[PDB]
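Structure first, then comments.
Hydrogens, waters and symmetry mates are skipped; everything else that's a heavy atom, side chains included, is used. So you know, we letter chains A, B, ... as the sequences are listed, proteins then strands, and number each from 1.
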4 protein chains.
Amino acid sequence: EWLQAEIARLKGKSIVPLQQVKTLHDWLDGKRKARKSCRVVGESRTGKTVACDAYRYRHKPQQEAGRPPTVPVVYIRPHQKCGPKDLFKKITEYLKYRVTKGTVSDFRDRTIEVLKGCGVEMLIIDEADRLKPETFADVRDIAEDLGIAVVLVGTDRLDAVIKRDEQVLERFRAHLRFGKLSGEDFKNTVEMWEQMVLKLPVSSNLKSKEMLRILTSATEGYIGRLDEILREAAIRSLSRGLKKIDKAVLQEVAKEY
Amino acid sequence: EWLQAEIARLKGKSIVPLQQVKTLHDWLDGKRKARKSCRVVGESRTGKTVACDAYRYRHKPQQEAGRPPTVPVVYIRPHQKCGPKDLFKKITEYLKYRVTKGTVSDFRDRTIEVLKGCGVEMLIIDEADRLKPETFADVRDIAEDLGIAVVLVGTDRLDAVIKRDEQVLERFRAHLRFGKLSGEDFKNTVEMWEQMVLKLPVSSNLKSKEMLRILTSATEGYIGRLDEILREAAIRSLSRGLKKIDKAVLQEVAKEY
Amino acid sequence: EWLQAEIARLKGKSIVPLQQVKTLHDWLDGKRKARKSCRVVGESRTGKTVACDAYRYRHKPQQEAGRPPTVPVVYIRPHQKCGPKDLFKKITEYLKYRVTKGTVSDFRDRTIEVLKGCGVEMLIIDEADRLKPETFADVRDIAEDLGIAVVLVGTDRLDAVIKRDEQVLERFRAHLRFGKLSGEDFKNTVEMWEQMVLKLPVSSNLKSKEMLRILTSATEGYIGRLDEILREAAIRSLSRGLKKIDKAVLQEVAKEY
Amino acid sequence: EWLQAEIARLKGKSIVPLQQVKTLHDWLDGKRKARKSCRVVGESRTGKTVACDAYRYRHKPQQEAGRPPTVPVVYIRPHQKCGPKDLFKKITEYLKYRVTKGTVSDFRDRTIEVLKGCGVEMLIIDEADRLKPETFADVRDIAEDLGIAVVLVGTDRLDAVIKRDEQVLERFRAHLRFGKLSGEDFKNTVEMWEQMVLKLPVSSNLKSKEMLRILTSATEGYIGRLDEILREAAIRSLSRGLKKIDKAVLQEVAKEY
DNA sequence: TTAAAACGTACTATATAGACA
DNA sequence: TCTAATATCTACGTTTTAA
Ligand SMILES: Nc1ncnc2c1ncn2[C@@H]1O[C@H](COP(=O)(O)OP(=O)(O)OP(=O)(O)O)[C@@H](O)[C@H]1O
Ligand SMILES: Nc1ncnc2c1ncn2[C@@H]1O[C@H](COP(=O)(O)OP(=O)(O)OP(=O)(O)O)[C@@H](O)[C@H]1O
Ligand SMILES: Nc1ncnc2c1ncn2[C@@H]1O[C@H](COP(=O)(O)OP(=O)(O)OP(=O)(O)O)[C@@H](O)[C@H]1O
Ligand SMILES: Nc1ncnc2c1ncn2[C@@H]1O[C@H](COP(=O)(O)OP(=O)(O)OP(=O)(O)O)[C@@H](O)[C@H]1O
Ligand SMILES: [Mg+2]
Ligand SMILES: [Mg+2]
Ligand SMILES: [Mg+2]
Ligand SMILES: [Mg+2]
């Protein structure tokens, strides 16, 4: 059924080429080329994870005849309170090696071997605040002993964690600030979402003054809020047999925040 | 419906470029250029807040890609009995940073860190008389360690607070006094309100010298009285089916003060 | 461009060798030789901080290869409500050490260890009235257990704090008073500013009675008022296109105080 | 392409004969002659690891007939929370003995066996604060049982760790303080970096008053920051087809710190 | 079986830092 | 005046290994 297909589409996710994504990718290309360790910092739901995820797809593994893959970018998200072994597990699994059970030292040695062997040059650690204090020493050694740019991605909680150890603070001084949407950039973003994400049979004109006021108030400039509001409002409108987001459906969703 | 929209327009606030606002804005430009700390003082409802608010909107943040915003002017109104962590939290949140739970020393260092880098050069503290005596020492250190023109705004209750601390009084001697207004510029201001603010379909002729008399007696030269009387007179007159504000309604309002 | 460069200079700070600075330095040199604790007291904006900075800058940290630096004079300004660890952190970070997380006892032992070996002989605590009552016991123990001249600096607020602990009062009772300027010294100080600080392209003649009499009334002999008035007056005169401070701008500034 | 060769060079590392490196090496020569155990302490990114690693390249293993190679200096960096087995493994592996599986007592006896006969006379343990308090007993026994100068290297955290064991503290009392760069030595280092490290087609004149202020603000005297900033600024400038680091690029890099 | 090495997480003993009366 | 809490700071001992 068309409705079930449209709900299945709007239910999911998609990547939109926002300008802050291009900013990050160009900045990560510099840091990867200079092989330079750094941090990406920005408040929650500003889009940091989707942007870093888009970067590893742009720099997918590359192949040579009869050789292991070169994997320039490794992207991992640690689990909460990540110790050394869980960091080493995360990295080696991303490189597609099922490391046989063993000591932390055995996991460390195998991780160094595959980080060298697969030609990894950038290691993005998303939610780096989830690392234990003892684990940043292993992250620093990967940065120092190998020619690898390590990127710590997090909120202002990461900035607070990093300040607790001079040796991490001084290795990750360079930062990019991921920011909220506002002003005309927000209005351009709303229009892109209508045309590219929602793709409803009839134009909703979300950029118009009253609609834009509702969205500005409810989203507060978070791209996470903008995406979740408009997708649910699109699903509610189509479930009611409407061909567009209507103002009443939008305010009804916006009133839940 | 006509009425509900215009009532909602009159129910909201507006800004008008009065000569007092223009005078303050030039004075603040001099102080910001010189990095001179100073105070703005004057009776309630003389328009100090609206003038200081308009100054930050005229000097809005500049964004550049992947950096924290360049924010030349920060404007804060402290909560009552503001301590130092409250003050630091206000400044960091204005600069679009989330505070992380920590000591006063941690909040201080994070605020000093982002007052740099965001490139702040003026800090306006509206109703500075809400500051605890201990937090004035952090205000003074922001003014002294960084190149920041701190502007204290308040009534004469601010002058009472700062005269009790020698070191605060001497740092904030330079001041501008907001005045109540009467006669010619008052007559112009009344005319400016009926021209630019009330926007009623039919002329109220508040320029009339007898209408100016009753407004002189009630508004007593306070712009915050003048605005509130005319706005209240508009809503009553429109709701009573009148195209106009006239003395029969205007003096019913004016007698209410 | 011309205007921005001279303004960016004039909004800065500069240190003029007043006789008030020399008498402090010759006094602190005698106190340092005797290792004698004492206090410097005087009204706000009399130049106490700038003179103590000048003394600290004449007695530089001396490097010796691979040794910790020999630092004869430490200068600290406590933050407000300075407790023992706050004091110890500021001392040990003035010497080129990081604090490690630890107890008050760990911070004390490390501070006493580095005040020795850095060879400290005078400690200046500027705005010593910010010290908590409890932390004066550690200040007294530094002055008693090591042969260190502790110099407390503040206004009459310091005498109000000190007199409430007779053990502190009786150790820091030797004092020096910073005065208001007056007379021929005030005339001589004004003469220096336009040629040693302002250096506008044309003479301002600030010594002339019609200027000198206004500056007397506006500054009252506070060196901080004298400096900040003339710097702002030069900046405003330049911004109007003038080669010099005119008395019209001098009156335009002096009326703001 | 020439650009890829220069970026590949600038992306790397090099050892500059800084005077503090010479100061350390002269000190380690005295301690190695005396077989005296000691510690090296200084802030993060001050160059301690580069200077220690440079020492064990001067004192590389010997080639000798019919006898195992004399290796005067062993250098190891423990992994985080290094226990004694991991200590012994790193020492034997540095001496190129592939020690098999065994008990800790086997690893101990085999380490003591190869520290003799290789004729080791100095052992440098970098990041010595990573040692468990139980493995410090084996370090002390290496220094006591054999005539070996053990050098413990770390930041101020190492001083705190050593304080917690009387028997370690009294064996490593002698120390060298590795320092930050400042003053004329910083200007000399920026000059040395442009000549010896960046080797760009045209002089960047980074020693100049304008550039030296930008570098001092960003570098704060940390050699680690100096090297990172200048190499990345070079790579940015060459990628833009400049022949040198322009101030516009240097400020653009420095704005990230 | 027999060291003995590696390693998840508990019932505790304190050492503060600071919103309020 | 007097707390919750975010740790520190060892131990609880319990698995895993290989010999
Ligand atoms: N580039 C994008 N294109 C489309 N949707 C996006 C994009 N960036 C963010 N979103 C939407 O915003 C949501 C939140 O983004 P994201 O997961 O990247 O946040 P984050 O900044 O990593 O947050 P947190 O710090 O809380 O983990 C996404 O799940 C998606 O709905
Ligand atoms: N320039 C202006 N343009 C339009 N309305 C104004 C202006 N100045 C004042 N008002 C009106 O007067 C009211 C009071 O002004 P404002 O809030 O600036 O006073 P204030 O001096 O900051 O007062 P207080 O000292 O009591 O806090 C405003 O909320 C608005 O209704
Ligand atoms: N010797 C000097 N040369 C030039 N300017 C000076 C000198 N002394 C004081 N000033 C000016 O006066 C200002 C105030 O001086 P300073 O900070 O030393 O005063 P203070 O007595 O320590 O004040 P407070 O007690 O308020 O902290 C300086 O920032 C500077 O503008
Ligand atoms: N002598 C040198 N010549 C060239 N570059 C140097 C030199 N010393 C330091 N560096 C640069 O500074 C960086 C930091 O130096 P190093 O690793 O030796 O610091 P560290 O003091 O051991 O730091 P930490 O205590 O944080 O581990 C180096 O990786 C290199 O980029
Ligand atoms: Mg995320
Ligand atoms: Mg107000
Ligand atoms: Mg002072
Ligand atoms: Mg190191």
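- Scanning for side chain to side chain contact (heavy atoms under 4.5 Å, CB included) contacts around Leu169(B) gives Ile162(B), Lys163(B), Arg173(B), with sequence neighbours left out.
- Projected onto DNA chain E by closest heavy-atom contact, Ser105(B) and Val104(D) fall at different nucleotides, the more 5' of which corresponds to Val104(D).
- When the pucker is read from the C1'-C2'-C3'-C4' torsion, the sugar belonging to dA7(F) turns out north, on the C3'-endo side.
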Under 3.5 Å, which donor-acceptor pairs link side chains of residues 154-161 of chain C to any protein atom two or more places apart or in another chain?
{"from": "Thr155(C)", "atom 1": "OG1", "to": "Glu166(B)", "atom 2": "OE1", "distance (Å)": "3.3"}
{"from": "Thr155(C)", "atom 1": "OG1", "to": "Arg157(C)", "atom 2": "N", "distance (Å)": "3.3"}
{"from": "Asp156(C)", "atom 1": "OD1", "to": "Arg177(C)", "atom 2": "NH2", "distance (Å)": "2.8"}
{"from": "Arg157(C)", "atom 1": "NE", "to": "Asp129(C)", "atom 2": "OD2", "distance (Å)": "3.1"}
{"from": "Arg157(C)", "atom 1": "NH2", "to": "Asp129(C)", "atom 2": "OD2", "distance (Å)": "3.3"}
{"from": "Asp159(C)", "atom 1": "OD1", "to": "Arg39(C)", "atom 2": "NE", "distance (Å)": "2.8"}
{"from": "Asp159(C)", "atom 1": "OD1", "to": "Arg39(C)", "atom 2": "NH2", "distance (Å)": "3.3"}

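- The nearest whole Å value for the distance from the CG atom in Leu87(D) to the P atom in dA6(E) is 13 Å.
- Here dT10(F) has a north sugar; its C1'-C2'-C3'-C4' angle has a plus sign.
- The list of salt bridge (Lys or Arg N to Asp or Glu O under 4.0 Å) pairs with a residue in residues 99-109 of chain C, not counting sequence neighbours, reads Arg108(C)-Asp138(C).
- Between the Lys132(C) side chain and the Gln80(C) main chain, no donor and acceptor come within less than 3.5 Å of each other.
- The environment of NZ in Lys96(B) is sparse: at most 12 heavy-atom neighbours from other residues, nucleotides or ligands sit within 6.0 Å.
- Side-chain proximity of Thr103(A) to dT16(E), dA5(E), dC7(E): nearest is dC7(E).
- Nucleotides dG13(F) and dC9(F) have their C1' atoms positioned 16 Å apart, rounded to a whole Å.
- Regarding nucleotide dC12(F), the torsion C1'-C2'-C3'-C4' is greater than zero, so its sugar is described as north.
- When the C1' atom of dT16(E) is taken as reference, atom NZ of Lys89(C) falls 16 Å away, rounded to whole Å.
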_Does the protein touch nucleotides 1-19 of chain F at the base, only the backbone, or not at all? Give it as B, S and - per nucleotide, heavy atoms under 4.0 Å._
-----S----------SSS
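- The pentose of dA13(E) belongs to the south class of puckers. Its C1'-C2'-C3'-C4' angle has a negative sign.
- Atom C1' of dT6(F) sits at a distance of 13 Å from the matching atom of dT14(E), rounded to the whole Å.
- Remark: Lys81(D) pairs with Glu134(A) by the salt bridge (charged side-chain N to carboxylate O under 4.0 Å, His left out) rule, at least two apart or across chains.
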_I need a per-nucleotide contact map over nucleotides 8-14 of chain E, read 5' to 3'. Cutoff is protein heavy atoms under 4.0 Å; write B for the base, S for backbone only, - otherwise._
-------
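- Listed by chain and residue number, nothing satisfies the side chain to side chain donor-acceptor pair (under 3.5 Å) test with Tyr94(D) (two or more places apart in sequence, or in another chain).
- When the P atom of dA17(E) is taken as reference, atom CG of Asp86(C) falls 8 Å away, rounded to whole Å.
- Judged as a side chain to side chain donor-acceptor pair (under 3.5 Å), and not counting sequence neighbours, the contacts of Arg77(D) are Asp141(A), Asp145(A).
- The distance between atom CZ of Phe88(A) and atom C1' of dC7(E), rounded to the nearest whole Å, is 15 Å.
- Annotation: salt bridge (charged side-chain N to carboxylate O under 4.0 Å, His left out) contacts of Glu113(D) (sequence neighbours excluded): none.
- Remark: the backbone N or O of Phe88(A) is paired with a side-chain donor or acceptor of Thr92(A) at under 3.5 angstrom.
- A search for salt bridge (charged side-chain N to carboxylate O under 4.0 Å, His left out) contacts involving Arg110(A) returns nothing, not counting sequence neighbours.
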*Bracket notation of DNA chain E in which parentheses pair within the strand, [ ] cross earlier pairs, and | pairs with another strand (Watson-Crick or G-U, under 3.5 Å)*: ||||||||||......|||..
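- With a negative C1'-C2'-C3'-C4' torsion, the sugar ring of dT1(F) falls in the south range.
- Between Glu134(D) atom CD and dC7(E) atom P the separation is 14 Å, expressed in whole Å.
- Shown here are the salt bridge (charged side-chain N to carboxylate O under 4.0 Å, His left out) partners of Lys89(A), two or more places apart in sequence or in another chain: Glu93(A).
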